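In: Provided hereafter are the protein sequence and its experimental coordinates.
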Amino acid sequence: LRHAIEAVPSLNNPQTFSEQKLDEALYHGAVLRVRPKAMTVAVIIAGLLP
């Protein structure tokens with residue numbers, strides 16, 4: 001999420017009342033990159049269920 005918010009959106013906030021592109025950065029890191037977290041959780045639970 002931090003890499004996401006770091007790449008693009010460090011330019012629009014200096015202009016006050018700018019939150020539209022701040023949410024797109026969270027979308028880019030929080031839900032586009034959701035395969036790694038799901039994979040980690042799945043393997044963690046699967047290596048313990050037995």
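Out: Here it is on my side, so go on. Numbers count the residues shown, from 1 in each chain.

In: from here on, contacts and neighbour counts on C-alpha atoms
Out: OK.

In: measure residue 15 to residue 35 for me?
Out: 34 Å (Cα to Cα, to the nearest Å).

In: How much space separates residue 23 from residue 10?
Out: For residue 23, the distance to residue 10 - Cα to Cα - is 12 Å.

In: Helices of this protein, start to end?
Out: 2-7, 20-26, 35-46 (DSSP state H).

In: Those helices into CSV, with extra columns for mean neighbour count?
Out: CSV is the format used below for the helices of the chain (neighbours: other Cα atoms under 10 Å):
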stretch, mean neighbour count
helix 2-7, 13
helix 20-26, 15
helix 35-46, 10
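
In: CA atoms of stretch 26-33 as PDB?
Out: Provided in PDB are the C-alpha atoms of stretch 26-33 (Å, rounded to 0.1, in the frame of the first residue of the first chain):
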ATOM      1  CA  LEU A  26      -5.200   3.100  -2.500                       C
ATOM      2  CA  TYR A  27      -7.300   1.200  -5.100                       C
ATOM      3  CA  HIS A  28      -4.000   0.600  -7.100                       C
ATOM      4  CA  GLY A  29      -2.200  -0.900  -4.000                       C
ATOM      5  CA  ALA A  30      -5.000  -2.300  -1.800                       C
ATOM      6  CA  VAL A  31      -7.100  -4.200  -4.400                       C
ATOM      7  CA  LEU A  32      -5.100  -4.600  -7.600                       C
ATOM      8  CA  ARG A  33      -2.300  -6.200  -5.600                       C
END
